[PDB]
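Peer 1: Residue numbers (the working numbering), protein chains in the order written: chain H, -16 to 272; chain F, 36 to 321. A virtual CB, placed ideally from N, CA and C, is assigned to each residue, including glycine.
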Amino acid sequence: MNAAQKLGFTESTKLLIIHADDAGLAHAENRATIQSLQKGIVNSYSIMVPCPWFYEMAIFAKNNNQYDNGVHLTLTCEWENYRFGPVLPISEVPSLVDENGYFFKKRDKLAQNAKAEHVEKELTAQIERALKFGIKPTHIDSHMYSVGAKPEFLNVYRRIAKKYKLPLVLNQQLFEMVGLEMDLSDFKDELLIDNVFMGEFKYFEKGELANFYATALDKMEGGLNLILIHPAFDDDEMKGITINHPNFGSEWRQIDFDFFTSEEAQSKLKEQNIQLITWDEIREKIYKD
Amino acid sequence: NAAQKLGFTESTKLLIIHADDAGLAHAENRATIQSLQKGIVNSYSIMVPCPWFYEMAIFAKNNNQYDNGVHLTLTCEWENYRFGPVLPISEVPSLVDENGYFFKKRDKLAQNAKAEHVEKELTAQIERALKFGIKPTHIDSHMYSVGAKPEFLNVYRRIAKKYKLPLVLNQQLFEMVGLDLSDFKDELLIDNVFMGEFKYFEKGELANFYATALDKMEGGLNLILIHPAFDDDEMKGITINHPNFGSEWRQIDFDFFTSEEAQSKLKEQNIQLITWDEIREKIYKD
Ligand code: NI
Ligand code: NI
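(1) Beta carbon of residue 170/F, beta carbon of residue 115/F: below 8 Å?
(2) List the endpoints of the continuous beta strand (DSSP E) containing residue 29/H.
(3) Would you mind telling me which residues of chain H sit closer than 9 Å to residue 89/F, beta carbon to beta carbon, in chain order?
(4) Would you please verify whether the beta carbon of residue 77/H is less than 8 Å from any beta carbon of chain F?
(5) Going along the region 216 to 231 of chain H in order, which residues come within less than 8 Å of chain F, judged by CB to CB distance?
(6) Does the beta carbon of residue 5/H fall short of 7 Å from some heavy atom of ligand 1?
(7) Using beta carbons (cut-off 8 Å, strictly below), is residue 42/H in contact with chain F?
(8) I want to verify the contact list: residues of chain F whose CB lies under 7 Å from the CB of residue 101/H, in sequence order.
(9) Who pairs with residue 53/H in a beta bridge, going by DSSP?
(10) Please report whether the beta-carbon of residue 84/F lies at a distance below 8 Å from any beta-carbon of chain H.
(11) Using a Cβ-based criterion (distance less than 7 Å to any ligand heavy atom), does residue 178/F qualify as near ligand 2?
(12) Using only the heavy atoms of ligand 2, determine whether one of them is closer than 7 Å to the beta carbon of residue 106/F.
(13) Determine, for residue 61/F, whether the minimum Cβ-Cβ distance to residues of chain H falls below 8 Å.
(14) Output the distance between the C-alpha atoms of residue 22/F and residue 168/H, rounded to the nearest integer angstrom.
(15) Whole angstroms are fine: how far does the CA of residue 291/F sit from the CA of residue 249/H?
(16) Where residue 72/H and residue 123/F are concerned, what is the direct C-alpha to C-alpha distance, given to the nearest angstrom?
(17) Under 9 Å between beta-carbons, which chain H residues line up against residue 123/F? List them in chain order, please.
(18) Out of curiosity, what's the CA-to-CA distance linking residue -10/H and residue 148/F?
(19) Any beta carbon from chain A within less than 8 Å of residue 49/H's own beta carbon?
(20) By alpha-carbon positions, which one of 25/H, 39/H and 126/H ends up nearest to residue 275/F?
(21) Any idea if residue 300/F is buried or exposed, counting beta-carbon neighbours within 10 angstroms, 16 or more meaning buried?
(22) Assuming the contact rule is C-beta atoms closer than 8 Å, residue 212/F and residue 141/F should be a hit. Round their C-beta distance to whole Å, please.
(23) DSSP three-state call for residue 165/H: helix, strand or coil?
(24) Can you tell me whether residue 42/H is helix, strand or coil according to DSSP?
(25) Terminal residues of the continuous beta strand (DSSP E) containing residue 230/F?
(26) Closest to residue 125/H by CA distance: which of 272/H, 228/H, 75/H and 154/H is it?
(27) Can you tell me whether residue 165/F is buried or exposed, with buried defined as 16 or more other CB within 10 angstroms of its CB?
(28) Helix, strand or coil, according to DSSP, for residue 255/H in the structure here?
(29) Please look up how many angstroms separate the CB atoms of residue 56/H and residue 123/H, rounded, as I've assumed it's under 8 Å.
(30) In angstroms with no decimal places, state the Cα-to-Cα distance between residue 116/H and residue 10/H.
(31) Could you check which residue in 59/H, 212/H, 234/H and 259/H has the C-alpha nearest to that of residue 189/H?
Structure (structure tokens):
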């Protein structure tokens, strides 16, 4: 059974969450995310609590709970000159940071250095700080899927989701792409996304990233589908953040925004009979009174 | 006056053109760097708690020719762009609001903060700058919040003596923050401090004010405090509903102090630029 079937739909039902990651990263990303929710077809998003523009996004989230909002759990900081670290004091989670007190750039350095106990404390602290600011998250997911950097970290992530009775992002392809050669028999109690779609560099470098998203909607099949995007205006802030990092860089993020506010994308939902869903709806199916 | 106590004649027009709030924002970092490179701005200071500190720090550690200090930060004036202490909140709890960010106003800081927490956090900001490779030549004070209470000013003066750095002390700044000169006999007092004012900004005359300041400048140690930044989306987002020293104002600062007009006024008035590093060297030599 695909996940649509597990959620009580027919097997051919094309369920879709159109999900903006990295809200809170930057002012341009906050503004583009908000406008893509209000004026486009994006219907869900998640927030990086450690990041410098978290407060602005937390104010929007607390006052606009109709948009499915989650916590984008953060244990890495991929940018060259724009650096951030944990919510908790460094002395409480010292295995998670480089010599400057910032998160490492790569999953493998996190796997090499981080202690599971520190991961668990810091991810719990990001969720708790979201709650303290009045956010009412409906899901948790993982920036650069760094929770998959070690099986022990994925297990911390699964336990934290159960503790807060929230759904989380799990998917066989994400597992493989972070080098996690697990077996799905351990996931009987969990809901796995059938298909996760995100932009790829080989389309971006042909100038065809927009065409990639059109093709993804054209070819969607029954099951639970998740599109992950990063809408942000390609202005000087974003160029400053994504310097020397064109993969999911500032030009790419603007393409995300434009595609998912277009008439083209909106018509494709209807033409392909795609059924939008949010994590809160999934949460309510899984966690009963 | 300070010009004589630094070894010059009384009529000498010493001037520091000093960019505050470096580290605040990417747009301010870029505008500050460009004004040092291509303007007549000759000094700046860095806000260590701010989100764009690291990028500024990389510039500072590899570009020591530019006089550079630590802009000590105990307040966060902005509506949606919030930052707090370098130290953990549990270690300096009296410095922060319920969100863990610095307060917006010196008055709240003075009502709440313990001088002990002030001393610990200001020390941590200087130490973090040092750890990142910055070799500061001076300290000064964001919104002059070290003047919010006399005990805070004393902390600030002790910290300057401990690191053997010059610091910004001035009677106009004192009376701005609401705070007797004979107590400062072994410290160097700036004779005149110039900063933009809203009454001129709202009439479209901010640059006129700076031009008049250069034309009229008198002998002694003069200090112009500015905040160059590009008036772009990022700065509009930081300075929303805060036009005083807001994004358009900061663009005027950049435009004027990279203009040939300003450089010409320097030549016409025979104003002599000087840095805090030179002042520190001269104090140490005395
Ligand atoms: Ni992410
Ligand atoms: Ni300042």
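Peer 2: Considering the structure as presented:
(1) Along the second sequence, one-based indexing puts residue 170/F at 135. Along the second sequence, one-based indexing puts residue 115/F at 80. It is not a contact, given that the beta carbons lie outside the stated cut-off.
(2) The sequence position of residue 29/H within the first sequence is 46, counting from 1. First-last of the beta strand (DSSP E) with residue 29/H: 27 to 30.
(3) Position 54 of the second sequence holds residue 89/F. Chain H residues near residue 89/F: 64, 65, 66, 83 and 85.
(4) As a working mapping, residue 77/H is identified with position 94 in the first sequence. Not an interface residue.
(5) 216, 218, 219, 220, 223 and 224
(6) Working through the first sequence from its first residue, we reach residue 5/H at position 22. Yes - ligand 1 has a heavy atom lying nearer than 7 Å to the Cβ of residue 5/H.
(7) Walking along the first sequence from the start, residue 42/H turns up at place 59. It does: the Cβ of residue 42/H has a partner Cβ on chain F nearer than 8 Å.
(8) By one-based count along the first sequence, residue 101/H stands at place 118. Against chain F, the beta carbon of residue 101/H has no neighbour under 7 Å; the closest one sits roughly 15 Å away.
(9) Here the question's residue 53/H lines up with position 70 in the first sequence. DSSP output for residue 53/H lists 29/H as bridge partner(s).
(10) Position 49 of the second sequence, counting from 1, holds the residue named residue 84/F. No, residue 84/F lies away from the interface with chain H (no Cβ there is under 8 Å from its Cβ).
(11) Within the second sequence, numbered from 1, the residue matching residue 178/F stands at position 143. Flag set: Cβ of residue 178/F near ligand 2.
(12) Taking the first residue of the second sequence as position 1, residue 106/F is located at position 71. Because some heavy atom of ligand 2 lies under 7 Å away, the Cβ of residue 106/F counts as near it: yes.
(13) By one-based count along the second sequence, residue 61/F stands at place 26. Yes - at least one Cβ of chain H is within 8 Å of the one on residue 61/F.
(14) No answer is possible for residue 22/F: the residues shown for chain F start at 36 and end at 321.
(15) Stepping through the first sequence from its first residue, residue 249/H is reached at position 266. Stepping through the second sequence from its first residue, residue 291/F is reached at position 256. So the two alpha carbons sit approximately 48 Å from each other.
(16) Taking the first residue of the first sequence as 1, we reach residue 72/H at position 89. Taking the first residue of the second sequence as 1, we reach residue 123/F at position 88. Looking at the two C-alpha atoms, the distance is approximately 6 Å.
(17) Walking along the second sequence from the start, residue 123/F turns up at place 88. Correct list: 71, 72, 73, 74 and 75.
(18) By 1-based counting over the first sequence, the position of residue -10/H is 7. By 1-based counting over the second sequence, the position of residue 148/F is 113. Looking at the two C-alpha atoms, the distance is approximately 54 Å.
(19) Looking at the structure shown, chain A is missing, and the protein chains on hand are H and F.
(20) Translated into positions along the second sequence, residue 275/F becomes position 240. Considering only alpha carbons, the answer is 39/H.
(21) The residue given as residue 300/F occupies position 265 in the second sequence. Buried, because 16 or more other Cβ atoms sit within 10 Å of the Cβ of residue 300/F.
(22) As a position in the second sequence, residue 212/F is number 177, starting the count at 1. As a position in the second sequence, residue 141/F is number 106, starting the count at 1. Right, the Cβ-Cβ distance comes to about 7 Å (below 8 Å), so this counts as a contact.
(23) Along the first sequence, read from residue 1 onward, the residue named residue 165/H stands at position 182. Here residue 165/H sits in coil by DSSP.
(24) As a first step, residue 42/H is located in the first sequence; it is residue number 59 there, counting from the start. Residue 42/H sits in a helix when the DSSP states are folded into three classes.
(25) The residue given as residue 230/F occupies position 195 in the second sequence. Taken as a continuous stretch (DSSP letters only), the beta strand (DSSP E) holding residue 230/F covers 227 to 230.
(26) Residue mapping note: residue 125/H aligns to position 142 of the first sequence, counting from 1. Selected option, being the one with the closest Cα: 154/H.
(27) Locating residue 165/F in the second sequence gives position 130, where the first residue counts as 1. Classification for residue 165/F: exposed.
(28) Counting from 1 along the first sequence, the entry for residue 255/H is found at position 272. Assignment of residue 255/H by DSSP, reduced to helix, strand and coil, places it in the coil class.
(29) Position 73 of the first sequence, counting from 1, holds the residue named residue 56/H. Position 140 of the first sequence, counting from 1, holds the residue named residue 123/H. Right, the Cβ-Cβ distance comes to about 6 Å (below 8 Å), so this counts as a contact.
(30) Stepping through the first sequence from its first residue, residue 116/H is reached at position 133. Stepping through the first sequence from its first residue, residue 10/H is reached at position 27. Cα-Cα distance, rounded: 18 Å.
(31) Within the first sequence, the letter at position 206 stands for residue 189/H. Ranking 59/H, 212/H, 234/H and 259/H by Cα distance to residue 189/H puts 234/H first.
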